[PDB]
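One structure below.
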Amino acid sequence: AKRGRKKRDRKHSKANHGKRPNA
Amino acid sequence: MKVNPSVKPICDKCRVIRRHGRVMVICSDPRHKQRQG
Amino acid sequence: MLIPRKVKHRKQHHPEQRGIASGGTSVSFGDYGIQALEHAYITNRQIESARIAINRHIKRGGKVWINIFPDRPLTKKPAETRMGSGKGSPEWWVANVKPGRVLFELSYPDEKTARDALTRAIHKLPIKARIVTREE
Amino acid sequence: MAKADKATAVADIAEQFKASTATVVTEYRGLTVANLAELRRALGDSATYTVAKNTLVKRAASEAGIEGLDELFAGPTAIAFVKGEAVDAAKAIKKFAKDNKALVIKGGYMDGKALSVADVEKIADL
Amino acid sequence: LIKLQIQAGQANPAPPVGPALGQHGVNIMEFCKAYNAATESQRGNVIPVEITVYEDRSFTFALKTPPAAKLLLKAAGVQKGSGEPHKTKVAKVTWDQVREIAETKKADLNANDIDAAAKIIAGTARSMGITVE
Amino acid sequence: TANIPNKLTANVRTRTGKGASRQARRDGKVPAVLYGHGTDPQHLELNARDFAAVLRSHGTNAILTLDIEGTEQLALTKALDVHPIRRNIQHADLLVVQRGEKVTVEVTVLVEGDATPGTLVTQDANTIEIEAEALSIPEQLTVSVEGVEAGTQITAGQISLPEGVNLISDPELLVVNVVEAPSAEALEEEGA
RNA sequence: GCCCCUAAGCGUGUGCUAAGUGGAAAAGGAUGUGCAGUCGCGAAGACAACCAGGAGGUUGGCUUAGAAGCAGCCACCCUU
Ligand SMILES: [Mg+2]
Ligand SMILES: [Mg+2]
Ligand SMILES: [Mg+2]
Ligand SMILES: [Mg+2]
Ligand SMILES: [Mg+2]
Ligand SMILES: [Mg+2]
Ligand SMILES: [Mg+2]
Ligand SMILES: [Mg+2]
Ligand SMILES: [Mg+2]
Ligand SMILES: [Mg+2]
Ligand SMILES: [Mg+2]
Ligand SMILES: [Mg+2]
Ligand SMILES: [Mg+2]
Ligand SMILES: [Mg+2]
Ligand SMILES: [Mg+2]
Ligand SMILES: [Mg+2]
Ligand SMILES: [Mg+2]
Ligand SMILES: [Mg+2]
Ligand SMILES: [Zn+2]
């Protein structure tokens, strides 16, 4: 589950403003 | 030497201390000796 | 096991988690009480376990009030079933719990054992909870 | 124990002292409660035996001219008041000390004066 | 340096005293015969006995007054004390028996006066759940 | 039974709203509205900490003297808004009262003593409502339970009151109920 | 975004963090530390440390092999 966790966690970047495509 | 996420002073003689960043319980009774691991 | 005698509709939408409690936010029957801090469905069997814990710790005296009743049902489909073909059968009953709700009330003579029994109760619940009293 | 209780104890000690012809200050370290009960049995008929705090008596000693007894309050303090006569408690304490050997006579107060061990021993012979 | 409670007219019971007196260096037969003579002189109540030992295995027995428990039980007429004191009252005691036991305990206790021993006996009956009148 | 008014300072609210209310709460102040028979409502803000200390000292029904820009006003704490979670005081409703005036007030009831050991004591009413003079309201009302045997009901008629206070609620209000202590097995069927 | 890779601040002022926390996570456990606020005691000497005491009734009853302050139960007092 590390891969999905890491993607959904880099969601929280300063530049992405808390949203990314595909969550 | 209990190794548990939860450590408590089982009897009144037990002391709770910290050694090298780990929470430990030390007591005269060897059963009660335990650490947070 | 608390189960309602009958419900008008046996298949219902999930109780909504939004907001905080408006009613039942203060202790009213007993001296001490358990106040919720998290949103959750609390099942009847969790209530049973917590009630038994309080009873065992308190033993004879005192009285216990349960302000929460599991009348909302939740359904599940049978195992290893593909998506579709209608809603499943209901097989556990829950109560919608919002922060500020007072779940349990206890009336016992002494402070220490009352607090201890309530704590034993909270350790059986899926939520953060705290202990409150009658006084403001 | 509250400070109001300390004031009440000071007042009670002063009141007891005003009605006492003499007093004896002694050391009791090393005495069981059975020994103290025996001492009360002997003294309780006529005299009075008490033990009180050093500074509480010190403040209770500021009433009359017994303020010079403060130097006798370094160490354990046992007070003996003589409600009946003046010297029965003197012999009682002396015999109790001789029998038990754990009692030390710090001093006495009589006739407005504080007297030492040999002086009190001489006075008891009177 | 021990103390036990033993029946007046009976000697050498196995559970209470035998092994208790065996490991304290006390001769048992002489103690039993002297105690039997003394408590047949008394003949009235079971008694507590205090044993003081010396370095030459010499034993001295001190016989106190009959216990306040047994004295109150025999003065009240009942055999066993109340299982629920202050809830179930099984007997009633008047002040005359209280003052007799108070005199006995004055012979026993450190109380300065008879009234103090009477209050002690009243408290003992309170532990027995027996009314004192 | 005479109570001295408690001195608190009040500031007329320049702006009213929810934004203003939240800002004032953030600034350690509590908003309030003063209204009464004078038919003249005023929107005020108070120091939260002083107000809370006053309530701790003299209960939820405390007589207050308020300094509105040098003007002294007598008021009563008619209503409070306490957050269920944070347990702050979000808003206060203060009632204008003059000396020698009769008002209806809910006074809490507390119990003390020791009943029969085989009994359990339950309180059914937290407070009872009473007609009383504005400056003569009681801080609290007490009921003593001792030697109370088995099932005994204490009602609002039986509660003792100070002089000059009249009880309004019907005396049938069961305040305190003393019941036989539940047995060990008695706890297993309730809630099952 | 601004130490170097890599354009532009090893910017200024006041605090916090010792975990490389920053640079993944729960119920729960815990004398980590900073700030703010209550209550208790305390020079009329507080807490720790410390020398000496902590007795008599009496082994309070019921319960038992046993009940002695220390299975349990119920009461839970007096004297110095
Ligand atoms: Mg997983
Ligand atoms: Mg999504
Ligand atoms: Mg565990
Ligand atoms: Mg909706
Ligand atoms: Mg509602
Ligand atoms: Mg409600
Ligand atoms: Mg929990
Ligand atoms: Mg590159
Ligand atoms: Mg550059
Ligand atoms: Mg910057
Ligand atoms: Mg720099
Ligand atoms: Mg910098
Ligand atoms: Mg800096
Ligand atoms: Mg990291
Ligand atoms: Mg974490
Ligand atoms: Mg926790
Ligand atoms: Mg902290
Ligand atoms: Mg037993
Ligand atoms: Zn231990």
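In the structure tokens, the first chain shown is A, the next is B, and so on; residue numbers restart at 1 for each chain, and ligands run from 1 in the order shown.
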Item to complete: Could you please select, counting only C-alpha atoms, the residues of chain F within 12 Å of chain E and state them as a PyMOL selection string?
Response: chain F and resi 116-118
Worksheet item: Can you list, as a VMD selection string, every residue of region 1-123 of chain D that DSSP puts in strand (DSSP E or B)?
Response: chain D and resid 23 to 27 48 to 50 78 to 81 104 to 110 113 to 115
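Straight-line separation from CA of residue 15 (chain B) to atom 1 (Zn, counted along the ligand's line) of ligand 19: 7.6 Å.
Comparing the minimum interatomic distances between ligand 7 and each of C:61, C:86, C:99, C:126, counting only C-alpha atoms and all ligand atoms, we find that C:126 sits nearest.
Of the listed residues C:7, C:132, C:125, C:21, the one whose atoms come nearest to chain G is C:125, with distances taken using only C-alpha atoms (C1' of nucleotides).
Once only C-alpha atoms (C1' of nucleotides) and all ligand atoms are used for the distance check, the residues close to ligand 17 at 9 Å turn out to be residues 32, 33 and 34 of chain G.
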Practice prompt. Write down as a count of residues only the residues belonging to region 5-123 of chain D that are assigned helix (DSSP H, G or I) by DSSP computed on the backbone.
Written response: 59
Using only C-alpha atoms (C1' of nucleotides) and all ligand atoms, which residues of the polymer chains come no farther than 8 Å from ligand 9? I'd like the answer as a PDB file with N, CA, C and O atoms (P, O5', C5', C4', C3', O3' and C1' of nucleotides), in the first residue's frame.
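Everything below was put into part22.pdb:
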ATOM      1  P     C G   2      13.948  28.110  -1.559  1.00  0.00           P
ATOM      2  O5'   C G   2      14.916  29.320  -1.897  1.00  0.00           O
ATOM      3  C5'   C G   2      15.933  29.190  -2.873  1.00  0.00           C
ATOM      4  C4'   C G   2      16.655  30.497  -3.071  1.00  0.00           C
ATOM      5  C3'   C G   2      17.195  31.144  -1.811  1.00  0.00           C
ATOM      6  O3'   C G   2      18.465  30.647  -1.457  1.00  0.00           O
ATOM      7  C1'   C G   2      16.006  32.741  -3.076  1.00  0.00           C
ATOM      8  P     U G   6      23.090  23.629 -12.239  1.00  0.00           P
ATOM      9  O5'   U G   6      22.647  25.005 -11.588  1.00  0.00           O
ATOM     10  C5'   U G   6      21.996  26.004 -12.358  1.00  0.00           C
ATOM     11  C4'   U G   6      21.164  26.919 -11.496  1.00  0.00           C
ATOM     12  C3'   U G   6      21.788  27.309 -10.161  1.00  0.00           C
ATOM     13  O3'   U G   6      21.387  28.633  -9.827  1.00  0.00           O
ATOM     14  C1'   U G   6      19.731  26.234  -9.784  1.00  0.00           C
ATOM     15  P     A G   7      22.218  29.893 -10.362  1.00  0.00           P
ATOM     16  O5'   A G   7      21.178  30.671 -11.279  1.00  0.00           O
ATOM     17  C5'   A G   7      21.487  31.931 -11.852  1.00  0.00           C
ATOM     18  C4'   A G   7      20.316  32.869 -11.724  1.00  0.00           C
ATOM     19  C3'   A G   7      19.992  33.302 -10.309  1.00  0.00           C
ATOM     20  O3'   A G   7      20.739  34.442  -9.943  1.00  0.00           O
ATOM     21  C1'   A G   7      18.021  32.555 -11.378  1.00  0.00           C
ATOM     22  P     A G   8      21.706  34.424  -8.674  1.00  0.00           P
ATOM     23  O5'   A G   8      20.966  35.382  -7.648  1.00  0.00           O
ATOM     24  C5'   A G   8      20.309  36.551  -8.106  1.00  0.00           C
ATOM     25  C4'   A G   8      19.006  36.761  -7.386  1.00  0.00           C
ATOM     26  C3'   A G   8      19.054  36.561  -5.884  1.00  0.00           C
ATOM     27  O3'   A G   8      19.491  37.722  -5.208  1.00  0.00           O
ATOM     28  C1'   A G   8      17.201  35.408  -6.786  1.00  0.00           C
TER      29        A G   8
END
Show me, as a short mmCIF file (atom, residue, chain, number, x, y, z; two decimals) with N, CA, C and O atoms, in the first residue's frame, every residue of chain E with an atom at most 10 Å from chain G, counting only C-alpha atoms (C1' of nucleotides).
data_model
loop_
_atom_site.label_atom_id
_atom_site.label_comp_id
_atom_site.auth_asym_id
_atom_site.auth_seq_id
_atom_site.Cartn_x
_atom_site.Cartn_y
_atom_site.Cartn_z
N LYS E 3 1.18 -14.17 72.48
CA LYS E 3 -0.09 -14.06 73.19
C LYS E 3 -1.15 -14.84 72.42
O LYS E 3 -1.28 -14.70 71.21
N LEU E 4 -1.89 -15.67 73.15
CA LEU E 4 -2.91 -16.51 72.53
C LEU E 4 -4.18 -16.45 73.37
O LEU E 4 -4.19 -15.89 74.47
N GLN E 5 -5.25 -17.02 72.84
CA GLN E 5 -6.53 -17.15 73.55
C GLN E 5 -6.89 -18.63 73.60
O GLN E 5 -6.92 -19.29 72.56
N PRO E 15 -4.44 -27.68 66.97
CA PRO E 15 -4.32 -26.54 66.03
C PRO E 15 -3.80 -25.28 66.70
O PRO E 15 -2.79 -24.72 66.25
N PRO E 16 -4.45 -24.77 67.78
CA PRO E 16 -4.14 -23.39 68.21
C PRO E 16 -2.75 -23.20 68.80
O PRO E 16 -2.02 -22.30 68.37
N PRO E 48 -7.26 -15.13 77.60
CA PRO E 48 -6.02 -14.90 76.86
C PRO E 48 -4.81 -14.96 77.78
O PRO E 48 -4.81 -14.45 78.90
N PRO E 67 -11.91 -11.75 78.13
CA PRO E 67 -12.02 -10.77 77.05
C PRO E 67 -13.36 -10.04 77.06
O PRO E 67 -14.38 -10.59 77.48
N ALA E 68 -13.32 -8.79 76.61
CA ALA E 68 -14.55 -8.02 76.48
C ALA E 68 -15.54 -8.69 75.54
O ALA E 68 -16.75 -8.64 75.78
N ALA E 69 -15.04 -9.33 74.48
CA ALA E 69 -15.92 -10.05 73.57
C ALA E 69 -16.66 -11.17 74.30
O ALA E 69 -17.89 -11.24 74.27
N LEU E 73 -20.57 -11.37 75.44
CA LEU E 73 -21.39 -12.46 74.92
C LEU E 73 -22.07 -13.22 76.05
O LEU E 73 -23.26 -13.55 75.95
N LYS E 80 -23.10 -16.59 69.77
CA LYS E 80 -22.31 -16.07 68.67
C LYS E 80 -22.68 -14.62 68.40
O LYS E 80 -23.82 -14.20 68.60
N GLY E 81 -21.69 -13.86 67.94
CA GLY E 81 -21.91 -12.46 67.63
C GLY E 81 -22.71 -12.28 66.35
O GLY E 81 -22.93 -13.21 65.57
N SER E 82 -23.15 -11.04 66.14
CA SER E 82 -23.97 -10.72 64.99
C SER E 82 -23.16 -10.75 63.71
O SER E 82 -22.07 -10.17 63.63
N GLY E 83 -23.69 -11.45 62.69
CA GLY E 83 -23.05 -11.45 61.39
C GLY E 83 -23.16 -10.14 60.64
O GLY E 83 -22.31 -9.85 59.79
N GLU E 84 -24.18 -9.34 60.95
CA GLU E 84 -24.35 -8.00 60.39
C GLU E 84 -24.54 -7.03 61.54
O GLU E 84 -25.68 -6.68 61.89
N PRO E 85 -23.45 -6.59 62.17
CA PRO E 85 -23.57 -5.61 63.26
C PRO E 85 -24.19 -4.32 62.77
O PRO E 85 -24.03 -3.92 61.61
N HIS E 86 -24.94 -3.67 63.66
CA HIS E 86 -25.62 -2.40 63.46
C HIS E 86 -26.76 -2.50 62.46
O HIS E 86 -27.41 -1.49 62.17
N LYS E 87 -27.03 -3.69 61.92
CA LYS E 87 -28.20 -3.96 61.10
C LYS E 87 -29.12 -4.99 61.74
O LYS E 87 -30.34 -4.79 61.78
N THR E 88 -28.56 -6.08 62.25
CA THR E 88 -29.29 -7.08 63.00
C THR E 88 -28.79 -7.06 64.44
O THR E 88 -27.60 -7.25 64.69
N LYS E 105 -12.32 -4.54 83.34
CA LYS E 105 -11.36 -3.95 82.42
C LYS E 105 -10.54 -2.84 83.07
O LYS E 105 -9.39 -2.63 82.66
N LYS E 106 -11.08 -2.14 84.06
CA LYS E 106 -10.26 -1.23 84.86
C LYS E 106 -9.15 -2.00 85.56
O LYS E 106 -8.01 -1.53 85.64
N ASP E 108 -7.98 -4.47 84.15
CA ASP E 108 -7.19 -4.85 82.98
C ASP E 108 -6.57 -3.67 82.24
O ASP E 108 -5.39 -3.72 81.89
N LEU E 109 -7.33 -2.61 81.99
CA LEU E 109 -6.96 -1.55 81.05
C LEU E 109 -6.18 -0.43 81.73
O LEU E 109 -5.92 -0.45 82.93
N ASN E 110 -5.82 0.56 80.92
CA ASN E 110 -5.14 1.77 81.36
C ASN E 110 -6.11 2.91 81.65
O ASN E 110 -5.67 4.03 81.92
N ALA E 111 -7.42 2.65 81.57
CA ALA E 111 -8.41 3.70 81.78
C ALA E 111 -8.30 4.27 83.18
O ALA E 111 -8.17 3.54 84.16
N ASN E 112 -8.34 5.60 83.27
CA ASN E 112 -8.21 6.26 84.57
C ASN E 112 -9.43 6.02 85.45
O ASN E 112 -9.30 5.96 86.68
N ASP E 113 -10.61 5.87 84.86
CA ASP E 113 -11.84 5.77 85.61
C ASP E 113 -12.70 4.64 85.05
O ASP E 113 -12.43 4.10 83.98
N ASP E 115 -15.79 4.88 84.04
CA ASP E 115 -16.61 5.31 82.91
C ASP E 115 -15.89 5.12 81.58
O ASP E 115 -16.52 4.78 80.57
N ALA E 116 -14.57 5.34 81.56
CA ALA E 116 -13.81 5.11 80.34
C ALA E 116 -13.86 3.65 79.92
O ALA E 116 -14.06 3.33 78.74
N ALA E 117 -13.69 2.73 80.88
CA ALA E 117 -13.78 1.31 80.57
C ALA E 117 -15.18 0.93 80.12
O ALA E 117 -15.35 0.08 79.25
N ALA E 118 -16.20 1.56 80.71
CA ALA E 118 -17.57 1.32 80.27
C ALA E 118 -17.77 1.76 78.83
O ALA E 118 -18.44 1.07 78.05
N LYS E 119 -17.20 2.91 78.46
CA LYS E 119 -17.28 3.35 77.07
C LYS E 119 -16.54 2.40 76.15
O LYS E 119 -16.97 2.14 75.02
N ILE E 120 -15.41 1.86 76.61
CA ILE E 120 -14.66 0.88 75.81
C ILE E 120 -15.51 -0.36 75.58
O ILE E 120 -15.55 -0.91 74.47
N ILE E 121 -16.20 -0.83 76.62
CA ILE E 121 -17.06 -2.00 76.49
C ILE E 121 -18.25 -1.69 75.58
O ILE E 121 -18.71 -2.55 74.82
N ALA E 122 -18.77 -0.47 75.65
CA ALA E 122 -19.85 -0.07 74.76
C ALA E 122 -19.39 -0.09 73.31
O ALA E 122 -20.12 -0.55 72.42
N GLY E 123 -18.18 0.39 73.04
CA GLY E 123 -17.63 0.29 71.70
C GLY E 123 -17.42 -1.15 71.27
O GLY E 123 -17.63 -1.50 70.10
N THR E 124 -16.99 -2.00 72.20
CA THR E 124 -16.84 -3.42 71.90
C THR E 124 -18.18 -4.04 71.50
O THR E 124 -18.25 -4.82 70.54
N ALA E 125 -19.24 -3.71 72.23
CA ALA E 125 -20.57 -4.18 71.87
C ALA E 125 -21.03 -3.59 70.54
O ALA E 125 -21.78 -4.24 69.80
N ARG E 126 -20.61 -2.36 70.24
CA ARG E 126 -20.90 -1.78 68.93
C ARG E 126 -20.25 -2.59 67.82
O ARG E 126 -20.86 -2.83 66.77
N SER E 127 -19.01 -3.04 68.04
CA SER E 127 -18.40 -3.98 67.11
C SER E 127 -19.13 -5.31 67.09
O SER E 127 -19.00 -6.07 66.12
N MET E 128 -19.88 -5.62 68.15
CA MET E 128 -20.73 -6.80 68.20
C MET E 128 -22.14 -6.55 67.70
O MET E 128 -22.92 -7.50 67.58
N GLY E 129 -22.49 -5.29 67.41
CA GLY E 129 -23.85 -4.97 67.03
C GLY E 129 -24.87 -5.28 68.11
O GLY E 129 -26.00 -5.67 67.80
N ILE E 130 -24.48 -5.12 69.37
CA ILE E 130 -25.34 -5.40 70.51
C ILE E 130 -25.66 -4.09 71.21
O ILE E 130 -24.75 -3.32 71.55
#
Discussion item. What residues of the protein or nucleic acid chains come within 10 Å of ligand 7 when you use only C-alpha atoms (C1' of nucleotides) and all ligand atoms? Reply as a PyMOL selection string.
Written reply: (chain C and resi 119-130) or (chain G and resi 27-28)
Residues from last step as file, C-alpha atoms (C1' of nucleotides), as a PDB file, in the first residue's frame:
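Saved to again-v1.pdb:
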ATOM      1  CA  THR C 119     -12.555   4.722  31.983  1.00  0.00           C
ATOM      2  CA  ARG C 120     -12.950   0.970  31.613  1.00  0.00           C
ATOM      3  CA  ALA C 121     -16.012   1.777  29.524  1.00  0.00           C
ATOM      4  CA  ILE C 122     -14.254   4.272  27.234  1.00  0.00           C
ATOM      5  CA  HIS C 123     -11.550   1.718  26.552  1.00  0.00           C
ATOM      6  CA  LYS C 124     -14.261  -0.321  24.785  1.00  0.00           C
ATOM      7  CA  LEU C 125     -15.503   2.345  22.367  1.00  0.00           C
ATOM      8  CA  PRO C 126     -14.322   3.336  18.883  1.00  0.00           C
ATOM      9  CA  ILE C 127     -14.171   7.035  19.798  1.00  0.00           C
ATOM     10  CA  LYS C 128     -12.300   9.586  21.824  1.00  0.00           C
ATOM     11  CA  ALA C 129     -14.316  10.259  24.951  1.00  0.00           C
ATOM     12  CA  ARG C 130     -14.020  12.185  28.189  1.00  0.00           C
TER      13      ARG C 130
ATOM     14  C1'   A G  27      -6.132   2.955  19.323  1.00  0.00           C
ATOM     15  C1'   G G  28      -3.139   3.751  23.275  1.00  0.00           C
TER      16        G G  28
END
